[PDB]
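S.K.:
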Amino acid sequence: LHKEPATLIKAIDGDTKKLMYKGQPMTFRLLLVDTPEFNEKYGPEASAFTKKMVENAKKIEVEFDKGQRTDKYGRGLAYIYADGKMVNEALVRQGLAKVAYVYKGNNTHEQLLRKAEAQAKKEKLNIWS
Ligand SMILES: Cc1cn([C@H]2C[C@H](OP(=O)(O)O)[C@@H](COP(=O)(O)O)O2)c(=O)[nH]c1=O
Ligand SMILES: [Ca+2]
Numbered sequence: 075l076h077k078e079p080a081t082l083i084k085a086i087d088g089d090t091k092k093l094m095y096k097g098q099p100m101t102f103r104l105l106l107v108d109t110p111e112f113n114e115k116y117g118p119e120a121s122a123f124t125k126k127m128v129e130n131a132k133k134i135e136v137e138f139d140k141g142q143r144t145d146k147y148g149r150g151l152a153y154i155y156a157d158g159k160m161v162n163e164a165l166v167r168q169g170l171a172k173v174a175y176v177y178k179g180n181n182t183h184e185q186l187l188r189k190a191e192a193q194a195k196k197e198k199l200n201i202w203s
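Quick note, the sequence shown lines up with residues 75 to 203 if you use the working numbering.
Right, dumping it as structure tokens:
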């Protein structure tokens with residue numbers, strides 16, 4: 075896989091944001107995770123964690139996987155990096171997302187993310203508390 079440039083347009087919630095990619099505005103949905111909706115427990119915390127991570131970053135990058143690049147709602151499906159740290163992994167490691175929506179052939183980082191989830195769970199963090 076490879077990282078490609080993007081810039082933040084606006085934070086939306088724990089697992090979606092609006093980025094400019096190849097010069098076009100798109101909503102991206104993070105691969106292999108599920109944050110709580112804003113109206114659910116830990117939803118505001120997840121939203122704030124993602125927002126801080128992407129707004130504070132000097133460099134946002136998108137990494138598509140091997141399969142589908144857009145979902146049925148037209149959202150980009152990617153791993154999103156902030157100054158080289160993966161947002162997807164960071165949410166999982168903090169107990170603010172569950173590993174989820176693991177579809178065959180867009181699951182390159184599945185094992186990395188499940189390792190993070192195990193650690194968050196051992197620590198009883200947030201969703202696992
Ligand atoms: C993360 C992801 C979600 N989706 C679709 C599955 C779910 O369909 P349904 O809307 O029919 O439930 C939805 C969940 O996204 P959200 O968690 O953002 O709601 O997005 C994909 O198709 N591919 C993906 O990789
Ligand atoms: Ca969600």
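All C-beta atoms in this analysis are idealised placements derived from N, C-alpha and C, irrespective of residue type, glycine included.
Provide the residue span of the alpha helix (DSSP H) that contains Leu-186, from first to last.
M.R.: 184-196
S.K.: Take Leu-187 and list the residues in its own chain whose beta-carbon comes closer than 8 Å to its own, dropping the five residues that flank it on each side.
M.R.: Closer than 8 Å at the Cβ level, and outside the excluded window around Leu-187, lie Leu-106, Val-107, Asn-162, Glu-163, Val-166, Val-173.
S.K.: Assign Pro-110 to one of three DSSP states: helix, strand, or coil.
M.R.: coil
S.K.: Can you tell me the Cα-Cα spacing of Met-94 and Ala-131, whole angstroms?
M.R.: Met-94 and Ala-131 have their C-alpha atoms some 15 Å from each other.
S.K.: According to DSSP, is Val-176 helix, strand or coil?
M.R.: coil
S.K.: For the 8 Å Cβ check, are there 3 or more pairs between the stretch 109-121 and the stretch 138-149?
M.R.: no
S.K.: With a floor of 4 residues, list each alpha helix (DSSP H) that falls wholly inside the stretch 118-163, ordered by position along the chain.
M.R.: none
S.K.: Provide the residue span of the beta strand (DSSP E) that contains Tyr-95, from first to last.
M.R.: 90-95
S.K.: Please state the DSSP three-state secondary structure of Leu-82.
M.R.: In the three-state reduction of the DSSP assignment, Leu-82 falls in the strand class, which pools E and B.
S.K.: How far does the beta strand (DSSP E) with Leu-170 in it extend, from its first residue to its last?
M.R.: Here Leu-170 belongs to no beta strand (DSSP E), and DSSP marks it neither H nor E.
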